[PDB]
Amino acid sequence: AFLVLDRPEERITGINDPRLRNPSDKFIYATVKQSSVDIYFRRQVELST
Amino acid sequence: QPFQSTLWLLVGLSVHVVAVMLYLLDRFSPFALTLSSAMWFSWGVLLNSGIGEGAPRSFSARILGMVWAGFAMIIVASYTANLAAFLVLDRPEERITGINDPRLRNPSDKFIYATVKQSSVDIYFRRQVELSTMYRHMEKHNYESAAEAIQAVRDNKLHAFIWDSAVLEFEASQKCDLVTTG
Amino acid sequence: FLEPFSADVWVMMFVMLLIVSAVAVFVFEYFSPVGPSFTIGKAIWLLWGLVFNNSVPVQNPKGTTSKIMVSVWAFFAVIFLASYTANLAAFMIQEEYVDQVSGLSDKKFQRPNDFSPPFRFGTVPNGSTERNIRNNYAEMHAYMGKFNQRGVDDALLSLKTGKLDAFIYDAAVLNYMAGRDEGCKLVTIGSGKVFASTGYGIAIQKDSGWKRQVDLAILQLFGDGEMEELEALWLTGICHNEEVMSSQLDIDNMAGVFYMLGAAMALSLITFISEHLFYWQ
Amino acid sequence: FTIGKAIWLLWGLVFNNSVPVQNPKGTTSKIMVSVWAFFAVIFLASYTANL
Amino acid sequence: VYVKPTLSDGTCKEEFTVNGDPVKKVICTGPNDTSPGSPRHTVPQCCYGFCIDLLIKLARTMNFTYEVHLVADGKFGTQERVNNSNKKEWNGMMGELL
Amino acid sequence: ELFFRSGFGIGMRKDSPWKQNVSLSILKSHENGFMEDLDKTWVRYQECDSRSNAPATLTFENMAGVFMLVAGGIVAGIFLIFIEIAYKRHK
Amino acid sequence: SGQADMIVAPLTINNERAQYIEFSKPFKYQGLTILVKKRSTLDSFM
Ligand SMILES: CCCCCCCC/C=C/CCCCCCCC(=O)O[C@@H](COC(=O)CCCCCCCCCCCCCCC)COP(=O)([O-])OCC[N+](C)(C)C
Ligand SMILES: CCCCCCCC/C=C\CCCCCCCC(=O)O[C@@H](COC(=O)CCCCCCCCCCCCCCC)COP(=O)([O-])OCC[N+](C)(C)C
Ligand SMILES: CC(=O)[C@H]1CC[C@H]2[C@@H]3CC=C4C[C@@H](OS(=O)(=O)O)CC[C@]4(C)[C@H]3CC[C@]12C
Ligand SMILES: CC(=O)[C@H]1CC[C@H]2[C@@H]3CC=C4C[C@@H](OS(=O)(=O)O)CC[C@]4(C)[C@H]3CC[C@]12C
Numbered sequence: 653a654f655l656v657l658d659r660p661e662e663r664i665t666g667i668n669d670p671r672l673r674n675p676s677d678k679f680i681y682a683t684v685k686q687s688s689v690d691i692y693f694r695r696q697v698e699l700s701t
Numbered sequence: 556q557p558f559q560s561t562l563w564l565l566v567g568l569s570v571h572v573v574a575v576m577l578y579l580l581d582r583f584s585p586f600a601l602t603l604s605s606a607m608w609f610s611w612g613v614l615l616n617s618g619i620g621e622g623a624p625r626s627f628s629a630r631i632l633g634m635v636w637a638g639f640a641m642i643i644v645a646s647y648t649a650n651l652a653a654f655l656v657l658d659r660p661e662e663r664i665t666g667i668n669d670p671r672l673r674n675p676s677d678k679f680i681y682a683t684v685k686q687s688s689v690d691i692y693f694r695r696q697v698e699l700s701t702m703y704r705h706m707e708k709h710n711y712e713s714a715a716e717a718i719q720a721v722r723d724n725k726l727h728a729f730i731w732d733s734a735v736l737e738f739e740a741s742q743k744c745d746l747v748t749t750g
Numbered sequence: 550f551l552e553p554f555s556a557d558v559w560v561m562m563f564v565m566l567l568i569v570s571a572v573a574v575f576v577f578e579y580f581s582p583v584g598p599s600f601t602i603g604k605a606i607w608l609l610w611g612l613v614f615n616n617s618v619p620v621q622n623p624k625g626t627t628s629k630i631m632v633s634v635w636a637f638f639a640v641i642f643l644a645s646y647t648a649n650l651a652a653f654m655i656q657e658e659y660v661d662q663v664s665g666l667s668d669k670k671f672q673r674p675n676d677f678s679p680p681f682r683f684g685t686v687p688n689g690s691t692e693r694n695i696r697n698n699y700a701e702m703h704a705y706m707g708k709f710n711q712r713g714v715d716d717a718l719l720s721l722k723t724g725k726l727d728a729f730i731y732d733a734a735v736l737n738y739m740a741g742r743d744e745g746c747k748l749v750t751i752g753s754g755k756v757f758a759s760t761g762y763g764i765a766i767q768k769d770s771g772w773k774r775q776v777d778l779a780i781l782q783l784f785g786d787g788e789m790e791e792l793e794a795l796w797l798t799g800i801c802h803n804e807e808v809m810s811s812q813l814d815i816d817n818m819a820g821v822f823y824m825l826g827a828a829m830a831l832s833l834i835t836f837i838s839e840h841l842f843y844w845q
Numbered sequence: 600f601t602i603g604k605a606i607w608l609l610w611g612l613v614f615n616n617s618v619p620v621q622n623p624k625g626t627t628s629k630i631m632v633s634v635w636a637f638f639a640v641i642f643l644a645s646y647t648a649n650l
Numbered sequence: 409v410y411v412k413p414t415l416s417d418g419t420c421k422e423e424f425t426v427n428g429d430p431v432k433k434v435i436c437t438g439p440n441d442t443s444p445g446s447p448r449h450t451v452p453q454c455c456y457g458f459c460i461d462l463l464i465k466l467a468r469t470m471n472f473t474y475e476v477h478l479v480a481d482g483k484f485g486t487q488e489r490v491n492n493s494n495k496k497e498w499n500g501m502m503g504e505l506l
Numbered sequence: 751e752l753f754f755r756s757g758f759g760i761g762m763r764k765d766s767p768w769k770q771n772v773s774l775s776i777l778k779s780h781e782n783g784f785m786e787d788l789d790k791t792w793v794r795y796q797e798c799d800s801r802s803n804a805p806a807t808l809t810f811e812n813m814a815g816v817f818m819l820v821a822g823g824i825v826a827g828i829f830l831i832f833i834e835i836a837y838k839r840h841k
Numbered sequence: 507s508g509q510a511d512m513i514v515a516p517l518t519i520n521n522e523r524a525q526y527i528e529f530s531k532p533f534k535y536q537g538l539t540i541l542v543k544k548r549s550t551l552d553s554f555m
């Protein structure tokens, strides 16, 4: 039972993850300046946070 | 169940190959095991019974006696391991996950689901245009009362019933062949 | 059966077996006031049998100290076997599978006849998969002609019946059909591997003014996020969520333990032969 | 080989054969003990696997 | 709301909870059992349950008397369209209340 | 899960007399398997990886505790042997 | 600006960039993903 249930958890599931959906100062996530990622987040109003 | 039929035969036949070999390997050696004592040694190691007082005498037979002891350990260990895998990895599941399930969203004729006619559930699906496909499927299968729809799922005539959780969770507890999902 | 107990653990048990054997017969049994002589031959045999689920006839030592040493070895052996079985169960419970077929360049797809009993693969004609396979794999195309399928649904049922064992078709369609499949028993090789990668496009009249307008509109949907909403609404499936399934233990799985036994048959001859050469001289 | 010696032998076998016993001297009684040993091997393997 | 037939006396069969408390019952007067379609009658049944116990508490703490009957349609209530008159009307208990 | 599934393109200006033949030479290279050649030699390397569950074998760092008990039962034994003779010496 | 006549790089096809430059058909289909930081913990037989 010990050797089977050894499983870490708490992995980000995507941008819809509650960790990412709102800016928590404990969590730090970033992308590269001036790229398609930036002009994807800034264009969409829903994920403005 | 854990072993195949031909693996049961190969294990049983390898007992005799070891038993006959242990007899030859001990009899034809410079300075013992009879044929009967070698058969008892091989079955005693596999079956883990104390039956038989004979052990291989020659240096070469003891090596095969040592390895046969290890082989018989794995056969028993891998029976207990495969039995444990079979008994933990028994998950039928395949159960509906809420209203956003692809089976409900894009229904087939095999899967049938409905609610009670002229109730809040009907005017919830009818109100939302995004649930138009689900409404048509339920429209032809809607029931007069919830007791009939609950009896329908028990008799397999209906596969999913959408209703109030306060009522369904009472039937799931009272009746042991019904579960609420999603 | 090789998976638990990294080979360093097995090696150390053997050399601890020889250490414990030598101490128990030269320091604990020779020096004991009491103590059929307990030798190395019947100390290796005793301690070996203890590790492997004590079932062989043995000869225990008569000294009180050497009986303590065998007892603390018997405690090691119950931990050794409890931790071998426990980890062997953990492996069997948590093994993933390996797909039998690699890809479109596999041996079965290249030469099916020259291989084992013929591999039955085909496709729906008059499309782009044939045009990609006529031009690239000429020998594949000839063998595929006799296994043609009239439609996608036909090839779905032929796979279940057994008339076909591989359907070569468009990736987006196959991903969907492999998604809403009952029992999740039809899968695409490579966990979604795609060859001759391309996309679905809107065909517009050549040299027309609408190509730019349509292109910018489609790219807006990706940026505005409608494509992921559409993908979850149409292309999602039951089987896309997730496995591990219980399996029996046929000989092909257990061939390794028999080869180890069959090799001890081989090692027994060599020492048996070496005895006569050593006995002659 | 008494009946109280057969119960002790068969009980030890079914519980991870570990006690000093007296095996029968016959042959068809030895076959029966071996048959019981197979049951005892399966019985304990199933107890551990389901536990 | 459990609906059960009344005894030949016309009263409600006496039952108790698991603890031993008496089950409060109300003589309903709903439609005849097995639907009122062919046997159109209002047979007085016996009613008890969560909503009846709450109704008895409401009546006691607000001092009103009551007469409980079951909805004739058997429905809960939905504004079904009447294509005949290009209008809408409620059914079930919603129609009875309005 | 992947989001914003937009691919990689070759950028050229609006005029781009090469715009049409660049795209036709990219669709052609997908069908020819040329891009699968490039994926093999530049993208598919797989230096090291693991699964999510990944059952792990028991190394010596795991089993060293019980191997230090048989070793400790030897030094205890070479002490206990002296008591054995000394006890037998008296009687 | 005229400095370059082509961009042979992992340039993502976007609605913003497509209004000014002519992208080719994709030579690589992909998407956005999140990168995060990554045996046996059996202490002893006890
Ligand atoms: C713990 C780890 C192992 C350790 C010990 C290993 C021991 C190795 C022993 C190996 C012996 C050989 C294997 C025989 C296979 C029988 C197949 C068969 O028809 O089974 C039948 C059943 O049968 C039984 O229930 C058991 C019958 C055993 C008869 C005795 C054989 C000889 C004993 C030894 C004499 C020498 C043997 C020499 C052999 C050359 C039918 O099979 P089924 O219908 O699929 O299953 C039934 C259940 N069902 C109806 C619900 C589905
Ligand atoms: C498969 C079952 C069947 C077989 C059952 C056999 C029956 C057993 C019979 C009897 C046992 C009697 C009780 C004594 C056992 C120790 C208990 C204790 O408090 O130890 C402590 C100190 O221990 C250590 O840290 C050292 C242990 C390993 C090294 C060996 C030294 C000698 C210890 C033994 C001397 C020999 C004594 C001989 C005479 C009795 C435990 O330390 P911890 O940090 O709290 O450990 C927590 C575990 N953890 C690290 C995993 C989290
Ligand atoms: C009684 C015997 O003769 C058998 C019984 C169990 C066997 C062992 C099982 C696993 C391994 C691990 C393997 O190395 S590895 O890198 O593949 O883990 C090397 C071989 C080794 C040590 C076997 C040696 C032979 C045995 C001791
Ligand atoms: C004294 C002996 O006779 C034993 C001691 C160590 C044993 C070896 C341990 C590991 C393996 C790997 C295995 O690999 S497999 O892919 O075929 O499963 C095949 C069997 C083989 C070579 C064993 C052969 C028998 C031994 C030499």
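So the protein lines, in turn, are chains A, B, C, D, E, F and G.
Going by the authors' numbering, the first residue of the first sequence is number 653, and it counts up by one from there.
Read in order, the letters of the second sequence correspond to residues 556 to 586, 600 to 750 in the authors' numbering.
Read in order, the letters of the third sequence correspond to residues 550 to 584, 598 to 804, 807 to 845 in the authors' numbering.
Going by the authors' numbering, the first residue of the fourth sequence is number 600, and it counts up by one from there.
Going by the authors' numbering, the first residue of the fifth sequence is number 409, and it counts up by one from there.
Going by the authors' numbering, the first residue of the sixth sequence is number 751, and it counts up by one from there.
Read in order, the letters of the seventh sequence correspond to residues 507 to 544, 548 to 555 in the authors' numbering.
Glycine is no exception: its CB is placed at the ideal position from the N, C-alpha and C atoms.
**Message:** At a threshold of 7 Å, does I643 of chain B count as lining ligand 1 (C-beta to nearest heavy atom)?
**Reply:** Against the second sequence, residue 643 of chain B aligns to sequence position 75. The answer is yes for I643 of chain B.
**Message:** Helix, strand or coil, according to DSSP, for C454 of chain E in the structure here?
**Reply:** Position 46 of the fifth sequence, counted from the start, is the residue given in the question as residue 454 of chain E. Reduced to three states, the DSSP call for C454 of chain E is strand.
**Request:** Starting from the C-beta of residue 704 of chain A, find all residues in its chain whose C-beta is less than 8 Å away, skip the five residues before and the five after it, and write them out in chain order.
**Result:** As displayed, chain A neither begins before 653 nor continues past 701, which places residue 704 of chain A out of reach and without an answer.
**Message:** For ligand 1, is there any heavy atom lying closer than 7 Å to the beta carbon of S560 of chain B?
**Reply:** In the second sequence, the residue the question calls residue 560 of chain B occupies position 5. Yes, since a heavy atom of ligand 1 falls inside the 7 Å radius drawn around the Cβ of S560 of chain B.
**Where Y647 of chain B meets chain D, residues with beta-carbon distance less than 7 Å** = Locating residue 647 of chain B in the second sequence gives position 79, counting from the first residue. Against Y647 of chain B, the close residues of chain D are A644, in the order they occur along the chain (beta-carbon pairs closer than 7 Å).
**Prompt:** From what residue to what residue does the alpha helix (DSSP H) around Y647 of chain B run?
**Reply:** Here the question's residue 647 of chain B lines up with position 79 in the second sequence. From DSSP, the alpha helix (DSSP H) with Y647 of chain B extends over 627 to 656.
**Prompt:** Can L608 of chain C be considered in contact with ligand 4, in the sense that its beta carbon sits closer than 7 Å to one or more heavy atoms?
**Reply:** In the third sequence, counting from the first residue as 1, residue 608 of chain C sits at position 46. Incorrect: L608 of chain C has no Cβ contact closer than 7 Å to ligand 4.
**Prompt:** Does ligand 4 have even one heavy atom less than 7 Å from the beta-carbon of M824 of chain C?
**Reply:** Residue 824 of chain C sits at position 260 when you count from the first residue of the third sequence. Yes, Cβ of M824 of chain C sits closer than 7 Å to a heavy atom of ligand 4.
**Asked** When the Cα atoms are used, what is the spatial distance from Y738 of chain C to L797 of chain C?
**Response** The residue you call residue 738 of chain C lines up with position 176 of the third sequence. The residue you call residue 797 of chain C lines up with position 235 of the third sequence. Those two C-alpha atoms are separated by around 6 Å.
**Prompt:** Do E658 of chain C and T807 of chain F have their C-beta atoms within less than 8 Å of each other?
**Reply:** Position 96 of the third sequence, counted from the first residue, corresponds to residue 658 of chain C. Position 57 of the sixth sequence, counted from the first residue, corresponds to residue 807 of chain F. At the C-beta level, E658 of chain C and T807 of chain F stay beyond 8 Å of one another.
**Asked** Beta carbon of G827 of chain F: closer than 7 Å to some heavy atom of ligand 2?
**Response** In the sixth sequence, counting from the first residue as 1, residue 827 of chain F sits at position 77. Relative to the non-hydrogen atoms of ligand 2, the Cβ of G827 of chain F never comes closer than 7 Å to any of them.
**Prompt:** For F642 of chain D, is the beta carbon positioned less than 7 Å from some heavy atom of ligand 1?
**Reply:** Along the fourth sequence, one-based indexing puts residue 642 of chain D at 43. No, the beta carbon of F642 of chain D sits no closer than 7 Å to any heavy atom of ligand 1.
**Request:** May I ask you to verify whether the segment 830 to 840 of chain C touches the segment 625 to 634 of chain B, counting CB pairs closer than 8 Å and requiring at least 3?
**Result:** Three or more beta-carbon pairs separated by less than 8 Å link the segment 830 to 840 of chain C to the segment 625 to 634 of chain B, which places the two stretches in contact.
**Request:** Mind listing the chain G neighbours of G785 of chain C? Cutoff is C-beta to C-beta under 8 Å, in chain order.
**Result:** As a position in the third sequence, residue 785 of chain C is number 223, starting the count at 1. Within chain G, the residues near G785 of chain C are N520, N521, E522.
**Request:** Grab the span of the alpha helix (DSSP H) containing residue 587 of chain B for me, first residue to last.
**Result:** Regarding the residue in question, residue 587 of chain B is not represented: chain B runs 586 and then 600, omitting everything in between.
**Asked** Leaving out the 5 sequence neighbours to the left and right, which residues in its chain are closer than 6 Å to residue 806 of chain C when beta-carbon positions are compared?
**Response** Between 804 and 807, chain C has no modelled residues, which means residue 806 of chain C does not appear in the coordinates.
**Request:** Compile a chain-ordered list of the residues in the segment 700 to 717 of chain C whose CB is closer than 8 Å to at least one CB of chain F.
**Result:** Along the segment 700 to 717 of chain C, none of the residues has a CB nearer than 8 Å to a CB of chain F.
**Message:** Would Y526 of chain G pass as an interface residue toward chain C - the criterion being a Cβ-Cβ separation below 8 Å?
**Reply:** In the seventh sequence, the residue the question calls residue 526 of chain G occupies position 20. No - not a single Cβ of chain C is within 8 Å of the one on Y526 of chain G.
**Prompt:** Applying a beta-carbon distance threshold of less than 9 Å, which residues of chain G neighbour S688 of chain A?
**Reply:** For the purposes of this step, residue 688 of chain A is taken as residue 36 along the first sequence, with counting starting at 1. Those are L517, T518, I519, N520, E522, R523, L538, listed as they occur along chain G.
**Asked** Does any CB atom of chain B fall closer than 8 Å to the CB of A605 of chain D?
**Response** In the fourth sequence, counting from the first residue as 1, residue 605 of chain D sits at position 6. Answer no: the Cβ-Cβ gap between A605 of chain D and chain B never drops below 8 Å.
**Message:** Can you confirm whether the segment 644 to 657 of chain C touches the segment 670 to 684 of chain C when touching is taken to mean that 3 or more C-beta pairs between the two stretches lie within less than 8 Å?
**Reply:** Contact check between the segment 670 to 684 of chain C and the segment 644 to 657 of chain C: fewer than three CB pairs, one atom from each, fall below 8 Å, which does not count as touching.
**CB contact flag (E528 of chain G, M785 of chain F, <8 Å)** = Translated into positions along the seventh sequence, residue 528 of chain G becomes position 22. Translated into positions along the sixth sequence, residue 785 of chain F becomes position 35. Going by C-beta atoms, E528 of chain G is not nearer than 8 Å to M785 of chain F.
**Prompt:** Relative to the C-alpha of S646 of chain B, which residue among D:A644, D:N649, D:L650 is closest?
**Reply:** Locating residue 646 of chain B in the second sequence gives position 78, where the first residue counts as 1. Closest option to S646 of chain B, Cα to Cα, is D:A644.
**Alpha carbon of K604 of chain C to alpha carbon of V820 of chain F, nearest angstrom** = Counting from one through the third sequence, the residue named residue 604 of chain C turns up at place 42. Counting from one through the sixth sequence, the residue named residue 820 of chain F turns up at place 70. Cα to Cα, the separation comes out at about 19 Å.
**Prompt:** Are any of the Cβ atoms in chain D nearer than 8 Å to that of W611 of chain B?
**Reply:** To locate residue 611 of chain B, count along the second sequence from 1; it is residue 43. Closer than 8 Å to the CB of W611 of chain B there is at least one CB belonging to chain D.
**Asked** Of all the CB atoms in chain A, is at least one closer than 8 Å to the CB of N688 of chain C?
**Response** Residue mapping note: residue 688 of chain C aligns to position 126 of the third sequence, counting from 1. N688 of chain C does not count as touching chain A.
**Asked** Along chain J, in chain order, which residues have C-beta atoms closer than 8 Å to that of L655 of chain B?
**Response** Of the protein chains in the structure, A, B, C, D, E, F and G, none is chain J.
**Message:** Need the endpoints of the beta strand (DSSP E) that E497 of chain E sits in, please.
**Reply:** Position 89 of the fifth sequence, counted from the first residue, corresponds to residue 497 of chain E. 495 to 497 is the span of the beta strand (DSSP E), which, as asked, contains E497 of chain E.
**Request:** For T518 of chain G, write down the residues that DSSP places opposite it in a beta bridge.
**Result:** As a working note, residue 518 of chain G is residue 12 in the seventh sequence. Its beta-bridge partners are F:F758.
**Prompt:** Distance, Cα to Cα, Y474 of chain E vs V434 of chain E?
**Reply:** Residue mapping note: residue 474 of chain E aligns to position 66 of the fifth sequence, counting from 1. Residue mapping note: residue 434 of chain E aligns to position 26 of the fifth sequence, counting from 1. Taking the CA atoms as reference points, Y474 of chain E sits about 10 Å from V434 of chain E.
**Item:** Which residues DSSP lists as bridging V684 of chain B, in chain order
**Value:** Numbered from its first residue, the second sequence carries residue 684 of chain B at position 116. Beta-bridge pairing links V684 of chain B to B:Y711.
**Message:** Along the segment 771 to 801 of chain C, where does the CB come closer than 7 Å to a CB of chain G? Name the residues.
**Reply:** Of all residues in the segment 771 to 801 of chain C, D777, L778, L781, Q782, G785 have a Cβ within less than 7 Å of some Cβ in chain G.
**Message:** Check this for me: beta carbons of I815 of chain C and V816 of chain F, under 8 Å apart or not?
**Reply:** To locate residue 815 of chain C, count along the third sequence from 1; it is residue 251. To locate residue 816 of chain F, count along the sixth sequence from 1; it is residue 66. Not closer than 8 Å, so no.
**Prompt:** Under the three-state reduction of DSSP, which class applies to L608 of chain C: helix, strand or coil?
**Reply:** Translated into the one-based positions of the third sequence, residue 608 of chain C becomes position 46. If DSSP states are grouped into helix, strand and coil, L608 of chain C belongs with the helices.
**Prompt:** Quick one: is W559 of chain C buried, meaning 16 or more other Cβ sit within 10 Å of its Cβ, or exposed?
**Reply:** Taking the first residue of the third sequence as 1, we reach residue 559 of chain C at position 10. Only exposed fits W559 of chain C, as fewer than 16 other CB atoms lie within 10 angstroms of its CB.
**Message:** Run through the DSSP bridge pairs and tell me what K412 of chain E is partnered with.
**Reply:** Reading the fifth sequence from its first residue, position 4 is the one you call residue 412 of chain E. DSSP, once it has assigned bridges, lists E:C454 as partnering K412 of chain E.
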